[PDB]
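Shown next: my_file-v1.tsv, given as TSV, C-alpha atoms.
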```
chain	number	residue	atom	x	y	z
A	1	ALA	CA	0.00	0.00	0.00
A	2	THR	CA	1.10	3.64	-0.46
A	3	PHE	CA	0.91	6.20	2.37
A	4	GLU	CA	1.38	9.89	1.63
A	5	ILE	CA	2.37	11.72	4.81
A	6	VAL	CA	1.78	15.45	4.66
A	7	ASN	CA	2.87	18.08	7.26
A	8	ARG	CA	0.27	20.88	7.15
A	9	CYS	CA	1.47	22.25	10.50
A	10	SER	CA	3.21	25.65	10.66
A	11	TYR	CA	6.18	23.94	12.43
A	12	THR	CA	8.50	21.18	11.40
A	13	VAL	CA	7.73	17.61	12.45
A	14	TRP	CA	9.83	14.52	12.15
A	15	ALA	CA	7.58	11.81	10.85
A	16	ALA	CA	8.09	8.19	11.86
A	17	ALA	CA	6.82	4.86	10.56
A	18	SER	CA	7.44	1.52	12.24
A	19	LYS	CA	5.93	-1.97	12.87
A	20	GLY	CA	7.66	-2.03	16.33
A	21	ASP	CA	10.47	-4.37	15.41
A	22	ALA	CA	11.38	-2.74	12.09
A	23	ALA	CA	11.14	0.55	10.22
A	24	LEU	CA	8.60	0.93	7.49
A	25	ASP	CA	10.20	2.29	4.39
A	26	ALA	CA	13.00	4.63	5.57
A	27	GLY	CA	11.48	4.78	9.14
A	28	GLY	CA	11.62	8.57	9.57
A	29	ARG	CA	12.13	11.89	7.85
A	30	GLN	CA	12.12	15.61	8.59
A	31	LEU	CA	8.96	17.30	7.19
A	32	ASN	CA	8.99	21.09	7.08
A	33	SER	CA	5.66	22.92	6.79
A	34	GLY	CA	3.98	21.76	3.62
A	35	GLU	CA	6.31	18.86	2.75
A	36	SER	CA	5.06	15.42	1.83
A	37	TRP	CA	6.70	12.04	2.15
A	38	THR	CA	5.40	9.06	0.29
A	39	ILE	CA	6.20	5.63	1.65
A	40	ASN	CA	5.48	2.10	0.49
A	41	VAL	CA	4.32	-0.50	3.07
A	42	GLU	CA	4.45	-4.20	2.19
A	43	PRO	CA	1.02	-5.86	1.88
A	44	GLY	CA	0.25	-8.06	4.84
A	45	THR	CA	1.85	-5.67	7.26
A	46	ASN	CA	0.29	-6.04	10.67
A	47	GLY	CA	0.46	-3.48	13.51
A	48	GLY	CA	2.03	-0.53	11.60
A	49	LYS	CA	2.05	2.93	13.14
A	50	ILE	CA	2.76	6.40	11.79
A	51	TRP	CA	3.33	9.35	14.11
A	52	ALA	CA	4.93	12.76	14.33
A	53	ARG	CA	7.79	13.81	16.57
A	54	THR	CA	8.31	17.35	17.72
A	55	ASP	CA	11.33	19.41	18.64
A	56	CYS	CA	14.07	17.06	17.57
A	57	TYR	CA	17.80	17.47	17.27
A	58	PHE	CA	19.81	14.92	15.17
A	59	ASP	CA	23.55	14.89	14.40
A	60	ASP	CA	25.11	14.06	10.93
A	61	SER	CA	24.73	10.24	11.58
A	62	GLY	CA	20.90	10.20	12.33
A	63	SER	CA	21.29	10.16	16.09
A	64	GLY	CA	19.74	12.54	18.73
A	65	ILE	CA	16.56	13.29	20.68
A	66	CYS	CA	12.94	14.48	20.24
A	67	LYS	CA	10.69	15.93	22.92
A	68	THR	CA	7.76	13.89	21.82
A	69	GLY	CA	7.66	10.49	20.10
A	70	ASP	CA	11.37	9.77	20.36
A	71	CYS	CA	12.12	6.15	19.17
A	72	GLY	CA	15.42	5.53	21.02
A	73	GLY	CA	17.28	8.53	19.70
A	74	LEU	CA	17.22	7.59	15.94
A	75	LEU	CA	16.06	9.66	12.99
A	76	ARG	CA	14.97	6.41	11.29
A	77	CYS	CA	12.70	4.67	13.76
A	78	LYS	CA	12.92	0.88	14.15
A	79	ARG	CA	10.87	0.93	17.36
A	80	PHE	CA	7.72	2.75	18.51
A	81	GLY	CA	8.01	6.17	20.02
A	82	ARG	CA	7.79	7.52	23.54
A	83	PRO	CA	4.46	9.05	24.60
A	84	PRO	CA	2.86	11.42	24.13
A	85	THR	CA	2.07	10.50	20.57
A	86	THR	CA	-1.09	10.72	18.52
A	87	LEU	CA	-1.12	7.41	16.53
A	88	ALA	CA	-2.21	6.36	13.10
A	89	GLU	CA	-2.47	2.59	13.20
A	90	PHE	CA	-3.05	0.03	10.61
A	91	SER	CA	-3.08	-3.57	9.61
A	92	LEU	CA	-3.10	-4.41	5.88
A	93	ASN	CA	-4.56	-7.27	3.78
A	94	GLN	CA	-5.90	-9.21	6.76
A	95	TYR	CA	-8.18	-11.66	5.00
A	96	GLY	CA	-9.01	-9.27	2.21
A	97	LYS	CA	-9.46	-6.17	4.38
A	98	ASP	CA	-7.39	-3.24	5.66
A	99	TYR	CA	-8.10	-1.96	9.22
A	100	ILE	CA	-7.18	1.58	10.28
A	101	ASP	CA	-7.62	3.83	13.30
A	102	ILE	CA	-6.36	6.78	15.23
A	103	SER	CA	-5.50	6.18	18.85
A	104	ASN	CA	-4.98	8.47	21.82
A	105	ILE	CA	-4.08	5.52	24.03
A	106	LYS	CA	-0.46	6.82	24.16
A	107	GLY	CA	-1.49	10.39	24.47
A	108	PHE	CA	-1.62	13.26	22.01
A	109	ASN	CA	1.02	15.51	20.50
A	110	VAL	CA	-0.06	16.63	17.00
A	111	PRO	CA	-3.49	16.70	15.36
A	112	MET	CA	-4.08	14.27	12.57
A	113	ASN	CA	-6.32	13.13	9.75
A	114	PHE	CA	-5.97	9.52	8.43
A	115	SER	CA	-7.89	9.10	5.17
A	116	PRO	CA	-8.01	6.56	2.36
A	117	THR	CA	-7.22	7.88	-1.09
A	118	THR	CA	-9.09	4.98	-2.68
A	119	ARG	CA	-12.82	4.24	-2.77
A	120	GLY	CA	-14.74	2.13	-0.24
A	121	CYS	CA	-14.36	3.61	3.27
A	122	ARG	CA	-14.18	6.86	5.27
A	123	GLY	CA	-11.27	8.49	7.09
A	124	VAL	CA	-10.92	9.43	10.73
A	125	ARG	CA	-9.56	12.57	12.38
A	126	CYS	CA	-8.51	13.94	15.75
A	127	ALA	CA	-8.00	17.68	15.26
A	128	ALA	CA	-9.05	19.30	18.53
A	129	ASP	CA	-6.75	21.38	20.78
A	130	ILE	CA	-5.99	18.58	23.21
A	131	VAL	CA	-2.74	20.11	24.34
A	132	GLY	CA	-4.36	23.41	25.23
A	133	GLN	CA	-7.11	21.72	27.22
A	134	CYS	CA	-4.92	18.97	28.74
A	135	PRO	CA	-5.41	18.32	32.45
A	136	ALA	CA	-2.42	19.60	34.45
A	137	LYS	CA	-1.52	16.08	35.71
A	138	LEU	CA	-1.20	14.81	32.13
A	139	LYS	CA	0.55	17.79	30.57
A	140	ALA	CA	4.00	16.72	29.34
A	141	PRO	CA	6.78	19.37	29.94
A	142	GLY	CA	8.06	18.40	26.55
A	143	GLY	CA	4.79	19.46	24.90
A	144	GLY	CA	1.86	17.10	24.49
A	145	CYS	CA	-0.80	15.49	26.62
A	146	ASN	CA	0.16	12.10	28.14
A	147	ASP	CA	-2.18	9.24	28.60
A	148	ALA	CA	-3.03	8.28	32.21
A	149	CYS	CA	-1.37	4.83	31.98
A	150	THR	CA	2.00	6.49	31.18
A	151	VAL	CA	1.63	8.94	34.02
A	152	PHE	CA	0.05	6.84	36.77
A	153	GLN	CA	0.89	3.24	35.95
A	154	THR	CA	-2.27	1.62	37.48
A	155	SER	CA	-4.06	-1.58	36.46
A	156	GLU	CA	-7.17	0.44	35.61
A	157	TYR	CA	-5.55	3.03	33.38
A	158	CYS	CA	-3.24	0.49	31.70
A	159	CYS	CA	-5.98	-2.20	31.47
A	160	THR	CA	-3.56	-4.71	32.82
A	161	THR	CA	-6.17	-7.33	33.80
A	162	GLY	CA	-7.78	-6.87	30.32
A	163	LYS	CA	-10.84	-5.69	32.38
A	164	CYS	CA	-10.99	-1.89	32.68
A	165	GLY	CA	-13.57	0.81	32.26
A	166	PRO	CA	-13.56	4.37	30.95
A	167	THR	CA	-12.05	6.97	33.35
A	168	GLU	CA	-12.18	10.71	33.82
A	169	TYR	CA	-8.97	10.77	31.79
A	170	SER	CA	-10.17	8.61	28.95
A	171	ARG	CA	-13.33	10.67	28.76
A	172	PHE	CA	-11.33	13.88	28.36
A	173	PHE	CA	-9.70	12.41	25.19
A	174	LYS	CA	-12.95	10.92	23.93
A	175	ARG	CA	-14.89	14.14	24.37
A	176	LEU	CA	-12.48	16.09	22.16
A	177	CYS	CA	-11.78	13.23	19.72
A	178	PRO	CA	-14.70	10.81	19.53
A	179	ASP	CA	-13.28	9.03	16.50
A	180	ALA	CA	-10.00	8.02	18.20
A	181	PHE	CA	-9.42	5.19	20.72
A	182	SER	CA	-9.34	6.74	24.24
A	183	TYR	CA	-8.55	3.57	26.17
A	184	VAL	CA	-7.76	-0.10	25.42
A	185	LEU	CA	-11.38	-1.37	25.69
A	186	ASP	CA	-12.94	1.62	23.97
A	187	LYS	CA	-15.90	0.72	21.64
A	188	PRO	CA	-13.90	0.39	18.43
A	189	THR	CA	-13.49	3.35	16.11
A	190	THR	CA	-11.66	1.09	13.65
A	191	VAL	CA	-12.51	1.52	9.95
A	192	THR	CA	-12.49	-1.37	7.53
A	193	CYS	CA	-11.29	-0.56	4.06
A	194	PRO	CA	-10.98	-2.75	0.98
A	195	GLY	CA	-7.67	-4.71	1.12
A	196	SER	CA	-4.84	-2.94	-0.66
A	197	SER	CA	-6.23	0.65	-0.23
A	198	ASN	CA	-3.83	3.68	-0.19
A	199	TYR	CA	-3.90	6.38	2.37
A	200	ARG	CA	-2.96	9.91	3.32
A	201	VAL	CA	-1.91	10.97	6.81
A	202	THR	CA	-2.11	14.73	7.29
A	203	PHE	CA	-0.64	16.45	10.37
A	204	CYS	CA	-2.57	19.53	11.41
A	205	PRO	CA	-5.27	19.02	8.89
A	206	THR	CA	-7.25	22.22	9.74
A	207	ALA	CA	-4.29	24.59	10.72
```

Please render this file's structure as C-alpha cells.
Amino acid sequence: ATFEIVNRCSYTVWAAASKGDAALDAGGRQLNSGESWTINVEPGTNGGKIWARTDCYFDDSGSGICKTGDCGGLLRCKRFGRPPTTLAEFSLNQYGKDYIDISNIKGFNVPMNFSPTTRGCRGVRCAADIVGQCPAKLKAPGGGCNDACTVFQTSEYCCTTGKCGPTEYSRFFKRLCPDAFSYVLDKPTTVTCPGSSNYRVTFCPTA
C-alpha cells in the first residue's frame, strides 16, 4: 500500500513509521511545513504505526533526541516512540481487508487526519486542541498530553487485567476526539477498508 504523509502544520515535524520491530520504508524523515513524504508498506503488514515527533535534534549520523515520540534517539525509527504520541495505526490485507484507526491511548502531540485515497471507506480525524485543554496532571513538559497509563501506571488506566472501564482521563480524550481510541477497551473506532487501499496521513489538517 502507499501512504502519503503530509505536514500541514506551521512547524517542522519529524515523521516516523514503524511496525515495532522494524522501520517501514525509511522509518523517519524531517517534514517542514507543507512537505510530503510518500512511503510504500508491504502488503500483509500487521500493527504498523505512523506518528509525528516534535522538537528534535539529530547529528550528521541520524542520532539525537525528540521531545515527543522519540524512538530511542534515531532519525529512522525501528521501534515505537515515547508518549505522548497521537497514533495512526493500521493492519493491511488481513483476509481481504485493511483496518485503520487513530489512537490516543499513548497520548496526544499533534493533530491528525488519516484518510483513504481509494474508494470504499471513510477516514478518521482527531483535530481538537488537546494540548491546550490537557489536564495539568497529564501535561508533558516536553509538549503534548500524556495518557493516564504512562503517568500513573495503574491496572485500571493500563488495562492490565484486560478488564478496565472508561475513566475521567479517557473521557477527556474521547470528548475532544470521539473518532480516536481513548482507552484499550474503547468501543472500536476502527474503519475497515478494501484490502490494498492507499492512504494519506495529514498532520494539522485544519491549521

Give the answer as one residue: which of A:160, A:94, A:33, A:54 has the shortest atom-to-atom distance to residue A:67, using all atoms listed in the file?
->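 Among A:160, A:94, A:33, A:54, it is A:54 that comes nearest to residue A:67.
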
List every residue of stretch 63-110 of chain A that has an atom at most 12 Å from any atom of stretch 134-158 of chain A, and for each one report the closest atom pair and its distance in Å to one decimal, counting all atoms listed in the file, with rows sorted by chain and then by increasing residue number, as a tab-separated table.
```
residue	atom	partner	partner_atom	distance
A:65	CA	A:142	CA	11.5
A:66	CA	A:142	CA	8.9
A:67	CA	A:142	CA	5.1
A:68	CA	A:142	CA	6.5
A:69	CA	A:144	CA	9.8
A:70	CA	A:142	CA	11.1
A:82	CA	A:150	CA	9.6
A:83	CA	A:146	CA	6.4
A:84	CA	A:146	CA	4.9
A:85	CA	A:144	CA	7.7
A:86	CA	A:144	CA	9.2
A:103	CA	A:147	CA	10.7
A:104	CA	A:147	CA	7.4
A:105	CA	A:147	CA	6.2
A:106	CA	A:147	CA	5.3
A:107	CA	A:147	CA	4.3
A:108	CA	A:145	CA	5.2
A:109	CA	A:144	CA	4.4
A:110	CA	A:144	CA	7.7
```

Any idea what's packed within 9 Å of stretch 115-127 of chain A, counting only C-alpha atoms, ignoring anything in its chain fewer than 6 positions away? Could you give it as a PyMOL selection string?
-> chain A and resi 3+86+100-104+176-180+189-194+197-206

Taking into account all atoms listed in the file, which residue in the set A:196, A:1, A:48, A:11 is nearest to residue A:31?
->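 Closest to residue A:31, using all atoms listed in the file: A:11.
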
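The closest residue to residue A:10, picked from A:165, A:195, A:27, A:34 and counting only C-alpha atoms, is A:34.
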
Counting only C-alpha atoms, write as a count of residues only all protein and nucleic acid residues lying at most 6 Å from (-0.1, 2.9, 12.1) in the file's frame.
-> 6

Record the distance separating atom CA of residue A:91 and atom CA of residue A:6, expressed in Å with one decimal.
->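 Computing it gives 20.2 Å between the two atoms.
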
Non-local contacts of residue A:79 (12 Å; all atoms listed in the file; under 2 positions in same chain excluded) as number ranges by chain | A: 16-24, 27-28, 47-51, 69-77, 81-82

For residue A:25, please output as a list in words all residues within 7 Å (counting all atoms listed in the file; exclusion window: fewer than 5 positions along the same chain).
->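 In the requested format, the answer is residues 39, 40 and 41 of chain A.
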
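Minimum atom-to-atom distance to residue A:9, evaluated using only C-alpha atoms, belongs to A:111 out of A:43, A:111, A:162, A:96.
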
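Of the listed residues A:182, A:133, A:61, A:46, the one whose atoms come nearest to residue A:98 is A:46, with distances taken using only C-alpha atoms.
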
Kindly give the distance, in Å, that separates atom CA of residue A:5 and atom CA of residue A:130, rounded to a single decimal.
-> 21.3 Å

Could you jot down the atom CA of residue A:175 to atom CA of residue A:92 separation for me, Å, one decimal place?
->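 Value for the atom CA of residue A:175-atom CA of residue A:92 distance: 28.7 Å.
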
Neighbours of residue A:13 within 8 Å (all atoms listed in the file; same-chain residues fewer than 5 positions away dropped), as a list in words?
-> residues 7, 30, 31, 32, 52, 53, 54 and 55 of chain A

Grab the residues selected above and save them as an mmCIF file, in the coordinates of the input with C-alpha atoms.
```
data_model
loop_
_atom_site.group_PDB
_atom_site.id
_atom_site.type_symbol
_atom_site.label_atom_id
_atom_site.label_comp_id
_atom_site.auth_asym_id
_atom_site.auth_seq_id
_atom_site.Cartn_x
_atom_site.Cartn_y
_atom_site.Cartn_z
ATOM 1 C CA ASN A 7 2.870 18.080 7.260
ATOM 2 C CA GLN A 30 12.120 15.610 8.590
ATOM 3 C CA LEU A 31 8.960 17.300 7.190
ATOM 4 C CA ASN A 32 8.990 21.090 7.080
ATOM 5 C CA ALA A 52 4.930 12.760 14.330
ATOM 6 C CA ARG A 53 7.790 13.810 16.570
ATOM 7 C CA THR A 54 8.310 17.350 17.720
ATOM 8 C CA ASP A 55 11.330 19.410 18.640
#
```

A:163, A:42, A:57, A:113: which is nearest residue A:12, counting only C-alpha atoms?
->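 Comparing A:163, A:42, A:57, A:113 against residue A:12, the winner is A:57.
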